[PDB]
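These notes are about the structure you will find just below.
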Amino acid sequence: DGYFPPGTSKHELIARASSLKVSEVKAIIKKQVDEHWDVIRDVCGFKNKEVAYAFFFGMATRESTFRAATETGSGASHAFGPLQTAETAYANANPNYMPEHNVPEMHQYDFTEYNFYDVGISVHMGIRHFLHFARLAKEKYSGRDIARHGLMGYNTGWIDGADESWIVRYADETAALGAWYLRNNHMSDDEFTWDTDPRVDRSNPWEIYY
Ligand SMILES: OC[C@H]1O[C@@H](O[C@H]2[C@H](O)[C@@H](O)[C@H](O[C@H]3[C@H](O)[C@@H](O)[C@H](O)O[C@@H]3CO)O[C@@H]2CO)[C@H](O)[C@@H](O)[C@@H]1O
Ligand SMILES: OC[C@H]1O[C@@H](O[C@H]2[C@H](O)[C@@H](O)[C@H](O[C@H]3[C@H](O)[C@@H](O)[C@H](O)O[C@@H]3CO)O[C@@H]2CO)[C@H](O)[C@@H](O)[C@@H]1O
Ligand code: NI
């Protein structure tokens, strides 16, 4: 899963992530989706691998505008990478973090400088962390609501309870942003869209995925 050489310093992991091309970040994402397709499909029910790639590109867009060195938050919300993978994804990160032992299909990397700041491990962990919440959402939700509430869980820690302004501004936005890539032939190039871009079709933003 690791992208850069093990032993690479924190400073260089960050600088080498800020200089990754959009196309290279897409390629990292697709390789994790390819590696973990079966658990992604079992949890989320996505139609196919292409639409699952697009969903994750939606996430990278909403979370980092595809800037792989983006770093935000503090403690449990402290996040890095294209998908803004929070510390709570990682094993042994802090004892006050709620456990994520419900994705046995994907290795839970320990919290270490390399595993947090390496773009490859960050992306793998972001997908595992999202499937931790999406599998919780599956207990009560079906269809597009597994991913919509999965996202609420990814961003907030809770699948339920957010204000409905945010399920639209954050989870529906993610679905609409990912579909732009699929509809406009941006699945492998350096082109990206962004939160609120008025070009993006926000109508029925989940239907493409199922
Ligand atoms: O709160 C959800 C996630 O937000 C991430 O920040 C994103 C902003 O929410 C989003 O508004 C901003 O979109 C900008 C874009 O960055 C800029 O290039 C474009 O010109 O304008 C857009 C609209 O203002 O994108 C950022 C991500 O780059 C946080 O990074 C993430 O931690 C948080 O979970
Ligand atoms: O009361 C239950 C336990 O809560 C623990 O805090 C959690 C917060 O309630 C939850 O909001 C936060 O969620 C993170 C999320 O994991 C992350 O992906 C996202 O980027 O940021 C969210 C926060 O904005 O997770 C924390 C930790 O699991 C308390 O630490 C714990 O004592 C308490 O029993
Ligand atoms: Ni992986």
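Residues: numbered from 1 along the sequence shown. We use all heavy atoms of the structure for the numbers below, so side chains are in, but hydrogens, waters and symmetry mates are not.
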Hey, are the side chains of [X] and [Y] touching, using non-hydrogen atoms and a 4.5 Å cut-off?
X: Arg135; Y: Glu105; value: yes
X: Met152; Y: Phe133; value: no
X: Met98; Y: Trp158; value: yes
X: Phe192; Y: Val25; value: no
X: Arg183; Y: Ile208; value: yes
X: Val200; Y: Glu173; value: no
X: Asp195; Y: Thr65; value: no
X: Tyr53; Y: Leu182; value: no

Nearest 0.5 angstrom please: [X] [atom1] to [Y] [atom2], how far?
X: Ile121; Y: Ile28; atom1: CD1; atom2: CD1; answer: 11.0 Å
X: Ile14; Y: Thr8; atom1: CD1; atom2: OG1; answer: 12.0 Å
X: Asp201; Y: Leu177; atom1: CG; atom2: CG; answer: 11.5 Å
X: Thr61; Y: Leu83; atom1: OG1; atom2: CG; answer: 10.0 Å
X: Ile159; Y: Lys140; atom1: CD1; atom2: NZ; answer: 5.0 Å
X: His78; Y: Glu71; atom1: NE2; atom2: CD; answer: 3.5 Å

Please report the shortest heavy-atom distance between [X] and [Y], naming the atom on each side.
X: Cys44; Y: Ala134; answer: SG-CB, 4.3 Å
X: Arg202; Y: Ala176; answer: CG-CB, 3.9 Å
X: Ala137; Y: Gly150; answer: CB-N, 3.9 Å
X: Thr85; Y: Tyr90; answer: CG2-CE1, 3.7 Å
X: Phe80; Y: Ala17; answer: CZ-CB, 4.3 Å
X: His132; Y: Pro99; answer: CE1-O, 3.6 Å

Below 30° counts as parallel, above 60° as perpendicular, anything between as tilted: where do the rings of [X] and [Y] land?
X: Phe55; Y: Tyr209; answer: perpendicular
X: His124; Y: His36; answer: perpendicular
X: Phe57; Y: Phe66; answer: perpendicular
X: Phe46; Y: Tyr210; answer: tilted

Determine, using ring centers only, whether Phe56 and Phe130 are less than 6.0 Å apart. yes
Between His129 and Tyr154 (judged by ring centroids, cut-off 6.0 Å), do the two rings come close enough to count as a pair? yes
Has [X] got a side-chain atom pairing as donor or acceptor with [Y]'s backbone, closer than 3.5 angstrom?
X: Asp189; Y: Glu191; answer: yes
X: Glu12; Y: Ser9; answer: no
X: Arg62; Y: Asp172; answer: no
X: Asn184; Y: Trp180; answer: yes
X: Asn92; Y: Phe111; answer: no
X: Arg128; Y: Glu100; answer: yes

Go through the steps for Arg41 and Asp38 under the test salt bridge (charged side-chain N to carboxylate O under 4.0 Å, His left out), then give the verdict. CA-CA 5 Å; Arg41 179 174 32 185; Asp38 289 315; 3.4 Å; yes
Give a yes or no on whether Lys31 atom NZ has more than 12 heavy-atom contacts from other residues, nucleotides or ligands under 6.0 Å away. no
Applying side chain to side chain contact (heavy atoms under 4.5 Å, CB included) to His149 and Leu136, what does each step give before you reach the verdict? CA-CA 9 Å; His149 287 279; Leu136 293 177; over 6 Å; no
Less than 4.0 angstrom from a charged side-chain N to a carboxylate O is my criterion; do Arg148 and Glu164 meet it? yes
Kindly indicate, with the supporting measurements, whether the criterion side chain to side chain contact (heavy atoms under 4.5 Å, CB included) is fulfilled by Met125 and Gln108. CA-CA 7 Å; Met125 296 295 281; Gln108 193 182 18; 4.0 Å; yes
Could you give me the CA-CA distance, side-chain angles and deciding distance for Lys26 and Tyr181, then say whether side chain to side chain contact (heavy atoms under 4.5 Å, CB included) is met? CA-CA 11 Å; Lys26 292 173 180 166; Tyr181 296 81; 3.9 Å; yes
How far apart are the C-alpha atoms of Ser64 and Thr72, what are their side-chain angles, what is the distance that settles it, and do they pass the side chain to side chain contact (heavy atoms under 4.5 Å, CB included) test? CA-CA 10 Å; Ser64 68; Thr72 57; over 6 Å; no
No-hydrogen, no-angle side-chain donor-acceptor test under 3.5 Å, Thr156 and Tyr170: no
Using distance alone, with no hydrogens and no angle criterion, decide if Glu63 and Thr70 have a side-chain donor and acceptor under 3.5 Å apart. no
Say whether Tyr97 and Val103 are linked into one hydrophobic cluster, either directly or through other cluster members, by side-chain heavy-atom distances under 4.5 angstrom. no
